[PDB]
Amino acid sequence: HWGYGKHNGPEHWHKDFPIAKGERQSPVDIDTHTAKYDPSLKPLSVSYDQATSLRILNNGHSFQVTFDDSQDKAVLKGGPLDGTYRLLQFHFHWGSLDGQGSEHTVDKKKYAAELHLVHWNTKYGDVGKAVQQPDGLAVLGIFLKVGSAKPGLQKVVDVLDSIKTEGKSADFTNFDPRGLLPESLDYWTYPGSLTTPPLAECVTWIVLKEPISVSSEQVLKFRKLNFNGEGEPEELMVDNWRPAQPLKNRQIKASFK
Ligand SMILES: NS(=O)(=O)c1ccc(NC(=O)NCCO)cc1
Ligand SMILES: NS(=O)(=O)c1ccc(NC(=O)NCCO)cc1
Ligand SMILES: [Zn+2]
């Protein structure tokens, strides 16, 4: 199956998922000079106070923290969105070196990693239905640069040794995702896709201008995860990012000047 290696990586995905060459694929390069300030964009509303994290999982492509999405506990609204979107999970994409790892780029600059907080539109009832709709998901993307540690990330980093290989999971309750957010909620937004198969064109992307800083020790712990399962040849889970895709007939809008 699909992955990030030489014979199954992003350049191969279109053979099983032909929408990979579609009209609204993600990620993209955010050319900050060409993005247009849209004063009609509302501030983003992030309501995570009642979030209920449940589990952390190595899925063979990333690690994800999953939340109770059976009620409006952690929701994203406002910004470019109409209606309410429930947080389902977050995960990361990262590199083998600090100069690569993000999926979106900013003026061609790559960050060391990118956090995706994945939300689905409650009017569609469940995430599997939402992925079939052009406005089904809203993913909040946050860049990670390497410098000072992010204290709110540490609880995540410290459990990664218990989910080293594909398929491992652990209980992961009481995690507050507000500890992962930068100060500013200024954002760029554009219509796009899932960045992993099935690459469905169902995402309103909301990418924050302000990166968070994580420490070298924190990102090193990401790089000790494995793509493989136990008993299989060890392949470090690094460079699990899709490169920027053609913007085609899309404009990126900025909530800020
Ligand atoms: N989804 S995808 O990137 O188009 C893909 C799917 C299966 C493969 N299969 C494969 O590489 N099989 C060899 C097994 O050991 C490769 C690429
Ligand atoms: N990397 S990404 O664009 O944030 C992403 C988010 C969700 C998914 N998939 C998902 O939510 N599947 C649930 C329904 O099948 C895949 C990729
Ligand atoms: Zn992602």
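Residues numbered from 1 in each chain as written, not as in the entry; some residues may be left out. Chains lettered and ligands numbered in written order. Heavy atoms only, no water.

- As annotated in the PDB entry, the chain is Carbonic anhydrase 2 from Homo sapiens.
- The UniProt entry for the chain carries the following text under Subunit (literature references left out): "Interacts with SLC4A4. Interaction with SLC4A7 regulates SLC4A7 transporter activity. Interacts with SLC26A6 isoform 4 (via C-terminus cytoplasmic domain)."
- UniProt annotates the chain under Sequence similarities with the comment "Belongs to the alpha-carbonic anhydrase family." (UniProt positions renumbered as here; feature names shortened; annotations may be inferred.)

A closer look at the coordination of the zinc ion (ligand 3)
So, step 1. For the zinc ion (ligand 3), the protein coordination sphere consists of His91 (NE2), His93 (NE2) and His116 (ND1), at 2.0 Å.
So, step 2. Relative to the metal, the 4 donor atoms surrounding the zinc ion (ligand 3) lie at angles of 103 to 118°, and the coordination shape comes out tetrahedral. (Donors = N, O, S within 2.8 Å, 3.2 Å for Na, K, Ca; no water. Tetrahedral: all angles 85-135°; square planar, octahedral: opposite > 155°, others 65-115°.)

Let's talk about the nonpolar core
So, step 1. Core analysis: the largest hydrophobic core is formed by 48 residues, its most contacted members being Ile56, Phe63, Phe90 and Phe222.
So, step 2. For this core, the secondary structure elements donating two or more residues are β5 (63-67), β7 (85-94), β9 (113-121), β10 (137-146), α2 (154-159), β13 (203-208), β14 (212-214) and α3 (216-222).
So, step 3. For this core, the leading source of residues is β7, giving 5 residues. (Core = buried A, V, L, I, M, F, W, Y, C linked by side-chain atoms within 4.5 Å. Buried < 20%, exposed > 50% of the residue type's maximum accessible area, 1.4 Å probe, protein only. Helix = DSSP H or I, 4+ residues; strand = E, 2+ residues; numbered from the N terminus.)

Section: the pattern of salt bridges
So, step 1. Applying the stated rule across the entire model yields 9 salt bridges.
So, step 2. For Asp98, the salt bridge is made with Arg223, and the minimal N-O distance between the two is 2.9 Å. With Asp98 in the loop between β7 and β8 (105-106) and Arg223 in the loop between α3 and β15 (253-254), this residue pair connects regions lying 125 residues apart in the sequence.
So, step 3. Here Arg223 falls in the buried class, since its relative accessible area comes to 13%.
So, step 4. The closest approach of N and O atoms between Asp176 and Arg178, which form a salt bridge, is 2.8 Å.
So, step 5. Here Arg178 falls in the partly exposed class, since its relative accessible area comes to 41%. (Salt bridge = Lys/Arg side-chain N within 4 Å of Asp/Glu carboxyl O.)

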